[PDB]
Every structure is written in C-alpha cells, then in structure tokens.
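Q: Chains as they are written, first to last, in the numbering used here: chain S, 1 to 248; chain Z, 1001 to 1247; chain H, 2001 to 2004; chain L, 3001 to 3004.
(1) Determine the extent of the beta strand (DSSP E) in which residue 1088/Z is found, giving its start and end residues.
(2) Using a Cβ-Cβ cut-off of less than 7 Å, list which residues of the segment 1156-1171 of chain Z approach chain S; keep chain order.
(3) Checking 7 Å against the spacing of the C-beta atoms, do residue 257/S and residue 170/S come in under that value?
(4) For residue 1015/Z, I'd like the list of residues in its chain whose CB is within less than 6 Å of its CB, leaving aside the five on either flank, ordered along the chain.
(5) Please specify which runs of the alpha helix (DSSP H), each continuous and at least 4 residues long, are wholly inside the segment 96-143 of chain S, giving them in chain order.
(6) Does the CB of residue 123/S have a neighbour CB from chain Z at under 7 Å?
(7) Classify residue 225/S as buried or exposed, calling it buried when 16 or more other Cβ atoms lie within 10 Å of its own Cβ.
(8) Provide the residue span of the beta strand (DSSP E) that contains residue 1162/Z, from first to last.
(9) Can you tell me which of the three DSSP states residue 1075/Z falls into?
(10) Do the segment 1081-1096 of chain Z and the segment 1026-1041 of chain Z touch if we need at least three Cβ pairs shorter than 8 Å?
(11) Could you tell me the distance, in whole angstroms, from the CA atom of residue 36/S to the CA atom of residue 106/S?
(12) Short check: CB of residue 1186/Z to CB of residue 1193/Z, under 7 Å?
(13) Report the three-state DSSP secondary structure of residue 1062/Z (helix, strand or coil).
(14) Determine which residues of the segment 1119-1151 of chain Z have a Cβ less than 8 Å from any Cβ of chain S, and write them out in chain order.
(15) Do residue 300/S and residue 126/S have their C-beta atoms within less than 7 Å of each other?
(16) Could you give the C-beta distance for residue 19/S and residue 86/S, rounded to a whole number, given that I count them as a contact under 8 Å?
(17) So with Cβ pairs under 7 Å, would you call residue 239/S a contact of chain Z?
(18) Can you tell me whether residue 1002/Z is buried or exposed, with buried defined as 16 or more other CB within 10 angstroms of its CB?
(19) From the DSSP output, in three-state form, read off residue 193/S for me.
(20) Sorted by chain position, which residues of the same chain lie with C-beta nearer than 7 Å to residue 118/S's C-beta, five sequence neighbours on each side aside?
(21) What does a CB cutoff of less than 6 Å around residue 1211/Z pick up in its chain, not counting 5 residues either side in sequence?
(22) Below 6 Å, is the gap between the Cβ of residue 180/S and the nearest heavy atom of the ligand MN?
(23) Measuring CB to CB, does residue 56/S end up less than 7 Å from residue 246/S?
(24) Quick one: is residue 1182/Z buried, meaning 16 or more other Cβ sit within 10 Å of its Cβ, or exposed?
(25) Just to check my reading of the structure: residue 1024/Z and residue 1067/Z have Cβ atoms closer than 8 Å, yes? What is that Cβ distance to the nearest angstrom?
(26) Would you report the Cα separation of residue 238/S and residue 1235/Z, rounded to the nearest angstrom?
(27) Residue 140/S and residue 1157/Z look like a contact to me (Cβ under 8 Å); what is the Cβ gap, rounded to whole Å?
(28) For residue 1019/Z, name the three-state secondary structure that DSSP assigns.
(29) Buried or exposed: which applies to residue 1034/Z, given that a residue is buried once 16 or more other Cβ atoms fall within 10 Å of its Cβ?
(30) What is the residue span of the beta strand (DSSP E) that residue 1148/Z lies within?
(31) Could you tell me which residues DSSP pairs with residue 211/S in its beta bridges?
(32) For residue 76/S, decide whether its Cβ has a neighbour in chain Z, counting only Cβ atoms nearer than 7 Å.
(33) Which residues in the same chain as residue 76/S place their Cβ atom closer than 7 Å to its Cβ, once the five residues preceding and following it in sequence are excluded?
(34) Using 7 Å as the threshold, is the C-beta distance between residue 176/S and residue 3004/L below it?
(35) Taking the straight line between their C-alpha atoms, what separation do you get for residue 62/S and residue 47/S?
(36) Please list, in chain order, all residues of the same chain as residue 1115/Z whose beta carbon is under 7 Å from its beta carbon, the five residues on each side excluded.
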C-alpha cells in the first residue's frame, strides 16, 4: 500500500531523506470579520519561525491572510503532492481562535481540517513519517491566574505519527506581544535555534512548555482580569518513534 | 496564590525524590447498569497488571471497582483534598466504555475532564509543580482505523504539569482482548515494566504508542468491517519538565 | 477482540 | 500583551 520509510522497530524516524520536507505557514494579521482586531506582532512570529525552519532544512512557504477556502485548497494540494523524498511535513497556523475553531481572513473552520488530509490512507507518501502541526491561536477565553511557588512489510494505523502542538490548553486564551510575537512562537523558535538539530521533538517541546510557563506573564494594567496571567502549551502526540532532526 | 516549591525554577527534571512516590487510583469498570453496555471481560487483567507494575514503581495503589459516577467524583475530590506534600506525583487511570467527550461510570456517563479538573495547582497546591498523570482506556467514539501496509520565588500556570494519555485518538474505537486485556494497557504495562525506571515518560509513552501501533491488529472474522483494524494512542502533555521515575 |  |  505505501513505501516503508524506516524499518519496523526503529526507535527513530528516518530523517535522512533527500529533503527535510515542506513547512507551510498560514500567517493571519488582518481579518474581514468586524469583531476581530489585527494581530500586530504575528509577522515577527512568522519571520522568526520561517528563519529557523530554513536552517533546519525545510522548504518554507508563508501564506499571508488567506480566506478559508484558500487554506483548504493549498492544504489539499499539499496532501496531493509526492512526499516520497521528504522526511516530514510541518504546518503552522498563526491566527485568532475559539474552542474547536480557527479563523481564516473571511470565516472560521475546524482545526481538524489542517491534518485531516494527511492521514496515511489519504497521503501514502508521508506514511510512516512525522506530520507536525503548530497552532498559535486561542482555544477559548478562560484565564490562568497562575500560582506562586515558594521557599518485509508491516502495518501501521493511518492516524499514527501526528504531533499537534497548541500554544494553549483547550478553553484558554493564548498570549501575543505586539512587538515580540506570541509567547508560544518566541519560545518555540528559541528552543529550535538552541537544540533543534540534536534534541528529540517531545523533549524539545517539553522545554518550550517550561519557557512559556515560567518566563512569561501578562502585563495589562488597564484590565485587572487580563493582568498577570499565565499560560502553558498543549502538546498532542501520536508519534510512534522519536524525532531528532539531525543535519541534512 | 502560594504553594511549596517542590523543585527549583530551572530544573530539567521533576523532583521525584519526595518521601513517597504518591497515590495511584485505578477506576476499573467491568460491568454496567446501562442496558446498551456489555461487560468488559479482560479489564481485570489490565487492572491487576497496572497495579503490579505501579507498585514496583512505589505508588500506593488503590483499585476502585465499578463505582457510580458520583462515587468516582467523590473519591476524586477526596484525593484532591489530601495533603500531597511528601509525594512525587499523582496518577489516575480509568478503564471503561466511552464515546467522544464521554466516559461511563456504573450508572451513567461523565466528562473525562472531571478527572483532572480538581487537581489544577490552585485547587491542589500540594501537587503544585508536580506531575499529575491520567491514563484512560476507553473509546473516544466509533470510528475505525483500517491501517496501511508499509512495504519494501516563581510563578507557574495552574494548568501546567498534566499528562493525559488516552488509549486512542478522538473519535475512535479502543481495542481490548478478553483474555490479554486492552492493547494500550498491555503495551503500557510491558513498557513500564521494561524501562519505567529509566526512560522519561514521553519517551516511554512514545514506545507504548509504537507497540500499540505495530504489534496489535484486530481479529474479527465474523465482522469484516471490524476486522484487521489498527490503533495508536493519543498522548496529551502539559509537562514543563522531564519525568524519570528512578528509585 | 472487543471495543470500549 | 494581547490575546488571540
């Protein structure tokens, strides 16, 4: 049914293909939805992520402010390409959200739409390979006030091998600084710059969570309820092997 | 709010050197008072299996068989109110029938979130900065994976430090063998047994996913659609530090 | 084999 | 600081 990219019992994914793979960034700064304010600072996240993913070997494509049908179209075409010579696929989305919802320029769609077309049955050439998703967007409007601490052939599931990283926990707000970008993307890019080549993905995202959890705290003196709030990312993994990028 | 700092600000590992490992409460559901639900033969193997390995890891294990939804909620709240100061962590496992966003008690269903809701740092300060682990064996729906053949001092968020591991992906069936137990639990037990003391939990769960994804496939000749189906677990991590049990 |  |  599909080509075997690595032997059955390997502890690591085979990241020694000709290409690292495609990295698609859907960056959303402005919206044709009256209730949505501009996301000043997202271009800093976009530039920063694009730069680090290039050093890691990704062929990066940034899609600025697409309508929902546009995102869906490019996603399908990507799922339709031949990924035989790529180690993996990375999709990133920087935008506004609600629980179970992401916003395009014109309207909203379900986050599941991003990875739906990449299951092994729909995209055989990435079968057995890691499919990465990073989402910077709110998953609701709840706030985390934080707390102070003192003193020959083998078969696999078509849903295996997905890593889905949300900037925040379901139901919660996600924070963005207008001059430095989002907390999640600042921490993600910094950890990728420091150990992106040598550390496994889960360990790396564990430290990305630490950074977001410890080094950030909201400052909004004009709105007490939004002030001094905290945040922790939510990493969802279906990875069946360890992921270490290595150097191409 | 204020809690005892259990490990230093920048430590890469959680502090697993407390006087006690912590509690491990297993809610085992073999039989239901809801007509449409059949008995879960083989769950007892899972429960005995899980209990054994956790004991070797130092947990004070408590098995709760077939409780009603309100009895689970009550015990969960009881646990949340205990003093966990000298504990490394807390672990909660549930073995039962489920659907998307739903788990069954003996008498009725409840939302999975109810299992960890009471342990956020603000509600349970004595577990603040410590890993809170949840393992759930149940369906998250009724979809099937036919698989494919490969050939040829410091502030923290109150929702941090949770690890939620479901035997299956949202929307999907979860498989159990009536004699050997659920696939997820057998792989998890075998892995904890093999390297629970040495691998950090996410590395260990990665191999649990690998075992579940590679070594099991449904055998149901009487029902073609349910036959030769595959499964991968879904690991959800809010962990800010690595977790190695050691000891 | 059965489902949960 | 703002929310998304």
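No residue lacks a Cβ here, since even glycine has one placed at the ideal position from N, Cα and C.
A: Taking the geometry as given:
(1) In the DSSP assignment, residue 1088/Z falls within the unbroken beta strand (DSSP E) covering 1087-1095.
(2) When CB distances to chain S are screened at a threshold of 7 Å, the residues of the segment 1156-1171 of chain Z falling below it are 1156, 1157, 1158, 1159, 1160 and 1169, in chain order.
(3) Limits of chain S in this structure are 1 at one end and 248 at the other, which puts residue 257/S out of reach.
(4) The answer, listed in chain order, is 1006 and 1007.
(5) As for any alpha helix (DSSP H) of minimum length 4 sitting wholly inside the segment 96-143 of chain S, the runs are 113-116, ordered along the chain.
(6) Not an interface residue.
(7) Per the 10 Å Cβ criterion, exposed.
(8) Counting along the chain, the beta strand (DSSP E) containing residue 1162/Z begins and ends at 1162-1166.
(9) Note: residue 1075/Z maps to helix in three-state DSSP.
(10) Yes, since at least three Cβ pairs between the segment 1081-1096 of chain Z and the segment 1026-1041 of chain Z fall closer than 8 Å, the two stretches touch.
(11) Distance from the CA of residue 36/S to the CA of residue 106/S, rounded to the nearest whole angstrom, comes to 11 Å.
(12) In this structure, the beta-carbon distance from residue 1186/Z to residue 1193/Z does not fall below 7 Å.
(13) Looking at residue 1062/Z - three-state DSSP - the assignment turns out to be strand.
(14) Those residues of the segment 1119-1151 of chain Z that come within reach of chain S (Cβ to Cβ, closer than 8 Å) are 1121, 1122, 1125, 1128, 1129, 1145, 1146, 1147, 1148, 1149, 1150 and 1151.
(15) Past the edges of chain S, shown from 1 to 248, lies residue 300/S, and the structure says nothing about it.
(16) About 5 Å separates the two Cβ atoms, so the contact holds.
(17) Chain Z has a Cβ within less than 7 Å of the Cβ of residue 239/S.
(18) By the Cβ neighbour-count rule, residue 1002/Z is exposed, with fewer than 16 other Cβ atoms within 10 Å of its own.
(19) Helix, per DSSP.
(20) For residue 118/S, where only same-chain residues beyond five positions count, the Cβ hits under 7 Å are 79, 89, 126 and 131.
(21) Once the five neighbours on either side are set aside, the close Cβ partners of residue 1211/Z are 1187.
(22) Absence of the ligand MN is noted for the structure shown, with no ligands found whatsoever.
(23) No, the Cβ-Cβ distance between residue 56/S and residue 246/S is not below 7 Å.
(24) Under this definition residue 1182/Z is a buried residue.
(25) Incorrect: roughly 16 Å between the Cβ atoms, too far for contact.
(26) Answer to the nearest angstrom: the Cα atoms are 6 Å apart.
(27) Rounded, the Cβ-Cβ distance is 14 Å, inconsistent with contact.
(28) Three-state result, residue 1019/Z: coil.
(29) By the 16-neighbour rule on beta-carbons within 10 angstroms, residue 1034/Z is exposed.
(30) 1148-1151 is the span of the beta strand (DSSP E), which, as asked, contains residue 1148/Z.
(31) None, per the DSSP bridge assignment.
(32) So, not an interface residue.
(33) Once the five neighbours on either side are set aside, the close Cβ partners of residue 76/S are 117.
(34) Cβ atoms of residue 176/S and residue 3004/L: closer than 7 Å.
(35) Computed Cα separation, rounded: 9 Å.
(36) The answer, listed in chain order, is 1076, 1092, 1094 and 1134.
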